[PDB]
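The structure appears right after this line, and notes come after that.
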Amino acid sequence: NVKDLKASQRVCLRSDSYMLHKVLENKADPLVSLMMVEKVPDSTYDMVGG
Amino acid sequence: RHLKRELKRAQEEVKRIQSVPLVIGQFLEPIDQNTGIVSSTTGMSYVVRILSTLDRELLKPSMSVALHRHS
């Protein structure tokens, strides 16, 4: 269906008419990738103490 | 028992598709054990079936791979 498909899902195609076949396991989403390249490690109130 | 001999003989035949010439791709990432994702050195990505009885342990870490030109 076209209901299955939504924002930025990497999709399969069969080269002939390029017919869409299946959604791929992996998604590509832009907001996760900018927070990943800055690189800030998780912290806690116990680490701050001082 | 006679079918163990013919599986050998019938498996020599798929091995004979490997031939000069070949075009080089690079195994990007798996998605199944009977299909994976390659990226040809032509600039095109493809989603192609893997040939039976090949090492599934060595494909996964990005490695060079051979493709048959006309498919």
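Tell me, how many Å apart are the Cα centres for segment B:29-53 and for segment A:5-50?
So the two Cα centres are separated by 21 Å.
Express in nm, to one decimal, how much length is gained between residue B:4 and residue B:20 on full extension, taking 0.36 nm for each residue of separation and deducting their alpha carbon distance.
On the way: separation 16, 0.36 × 16 = 5.76 nm, distance 2.98 nm.
Length gained, residue B:4 through residue B:20: 2.8 nm.
How many Cβ atoms of partner chains, on average, are near each residue of B:27-37 if near means within 10 Å of its Cβ?
On the way: counts 0, 0, 2, 1, 5, 1, 0, 0, 1, 0, 4.
Mean partner-chain Cβ count within 10 Å for B:27-37: 1.
Name the residue, out of B:39, B:52, B:19, whose mean-square fluctuation peaks in a Gaussian network model built on chain B with Cα pairs under 10 Å.
Highest fluctuation of the listed residues: B:19.
Is chain A rounded, prolate or oblate when judged by the Cα gyration tensor, a ≥ b ≥ c being the square roots of its eigenvalues, rounded requiring a/c under 1.5 and prolate requiring a/b larger than b/c? Please list the in-between numbers first.
Details: a/c = 5.21, a/b = 3.61, b/c = 1.44.
Cα axes put chain A in the prolate bin.
Would you list which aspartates and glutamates come within 17 Å of residue B:4, measuring only between C-alpha atoms, while excluding same-chain residues fewer than 8 positions from it?
Cα-Cα hits under 17 Å: B:12, B:13.
Across the residues of A:21-32, average count of Cβ atoms on other protein chains within 10 Å? The partial results should precede the final answer.
Values: counts 1, 2, 0, 3, 4, 3, 0, 0, 0, 0, 0, 0.
That works out to 1 on average.
Per the Debye formula with a single identical scatterer at each Cα and no solvent contribution, what log10 I(q)/I(0) holds for chain B at q = 0.20 Å⁻¹?
The computed values of log10 I(q)/I(0) come out as -0.88.
What number comes out for the charge environment of residue A:30, summing +1 per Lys or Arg and -1 per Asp or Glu over other residues with Cβ under 14 Å away? Present the calculation step by step, with values, prior to reporting the outcome.
On the way: positive: A:10, A:27; negative: A:29, A:38.
Local net charge: 0.
Could you work out the relative contact order of chain B? I mean the mean sequence separation of Cα pairs under 8 Å and 6+ apart, divided by the number of residues, in percent. Walk me through the numbers on the way to the answer.
Values: 86 pairs, mean separation 23.7, N = 71.
Value for chain B: 33 percent.
Would you please put B:25-34, A:21-30 in order of how densely packed they are, using the mean number of other Cβ atoms within 10 angstrom per residue and starting with the highest?
Numbers: B:25-34: 14.0, A:21-30: 10.8.
Packing proxy ranking, top to bottom: B:25-34, A:21-30.
³J(HN,Hα) across segment B:17-30 via Karplus (A = 6.51, B = -1.76, C = 1.60, θ = phi - 60°), whole Hz, x for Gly/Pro?
For segment B:17-30, the Karplus curve yields 6, 4, 7, 5, x, 10, 10, 8, x, 9, 5, 6, 6, x Hz.
If you bin every alpha carbon distance in the protein assembly as shown into 10 Å steps from zero, what whole percent lands in each bin?
Once binned at 10 Å, the Cα pair distances of the protein assembly as shown give 9, 27, 28, 18, 10, 5, 2, 0.
What residues have an amide H closer than 5 Å to that of residue B:37, excluding those fewer than 5 places away on the same chain, when H is modeled at 1.01 Å from N in the peptide plane?
Answer set, sorted by chain and number: B:28, B:29, B:31.
Taken together, the values in this text are just the output of simple stated rules run on the coordinates, not laboratory data. Note that each Cβ is placed from the backbone with ideal geometry, even for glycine, and that neighbours are counted across all protein chains shown.
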